[PDB]
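Trainee: Before I ask anything, here's the sequence and the deposited coordinates:
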Amino acid sequence: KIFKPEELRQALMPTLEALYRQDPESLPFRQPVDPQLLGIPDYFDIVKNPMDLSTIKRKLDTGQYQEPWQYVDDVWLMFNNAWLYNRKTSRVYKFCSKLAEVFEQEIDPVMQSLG
Ligand SMILES: Cn1cc(-c2cc3c(cc2C(F)F)N(c2ccc4sc(=O)n(C)c4c2)CCC3)cn1
């Protein structure tokens, strides 16, 4: 199966929008982590492949996904980075877990629809 750019965008953008609609839980994930500004300069020692919502949105808007699983992989890279870097008691970790619950719920019927 070949997926057209607008087909991926129409099917997947609502799932991304469901993540942005979570407050406060989307807030840590809206822009790329800036370790110096945020006071966490060890971040890139630990997270080798950063990912965030703004990057995923741009990739969806600019045809950088050819297959829905490439989009799913980037969302999960964002989640796995947050569970790797952050302590289990932290806001970012718990907010990541909430986003992963929302995403699992939204993405399943969409994958079924895409075939
Ligand atoms: C009202 N409210 C605001 C926040 C919030 C907002 C941002 C961060 C973190 C938090 C909070 F949850 F701490 N920001 C952040 C800081 C440290 C790390 S470490 C990591 O992996 N990430 C993704 C981040 C992100 C990025 C800038 C926005 C949560 N509620």
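Mentor: Received the coordinates, thanks. Numbers count the residues shown, from 1 in each chain.

Trainee: Going by C-alpha atoms from here, please, whenever you check contacts or count neighbours.
Mentor: Will do.

Trainee: Tell me the residues of the chain that contact the ligand?
Mentor: 24, 27, 28, 29, 33, 38, 82, 85, 86, 91, 92 (C-alpha under 6 Å from any ligand atom).

Trainee: The first one: how many residues sit nearby?
Mentor: Other residues near residue 24 come to 10 when the count uses other C-alpha atoms under 10 Å.

Trainee: Identify the residue nearest it in space, chain neighbours excluded?
Mentor: Computed as C-alpha to C-alpha, 6 or more residues apart in numbering, the closest residue to residue 24 that is not its neighbour in sequence is residue 95, at 7.7 Å.

Trainee: With the fourth one instead?
Mentor: With C-alpha to C-alpha, 6+ apart as the measure, residue 52 is the residue that lies nearest to residue 29, at 5.3 Å, once sequence neighbours are left out.

Trainee: burial measure for that neighbour, as a count.
Mentor: 20.

Trainee: Okay, buried residues for the helix ranked longest in the chain please.
Mentor: In the chain, assigned by DSSP state H, the helix with the most residues is helix 91-114. For helix 91-114, a neighbour-count test (16 or more other C-alpha atoms under 10 Å) marks 92, 93, 94, 95, 96, 97, 99, 100, 102, 103, 106, 107 as buried.

Trainee: Let me know the closest of the residues you listed to the ligand.
Mentor: Each of the buried residues of helix 91-114 was scored against the ligand by C-alpha to the nearest ligand atom, and residue 92 proved nearest at 4.5 Å.

Trainee: Would you tell me what the next helix or strand after the one helix or strand residue 17 maps to is?
Mentor: Residue 17 belongs to helix 5-20 when assigned by DSSP states H and E. As assigned by DSSP H and E, the chain's next helix or strand after helix 5-20 is helix 35-38.
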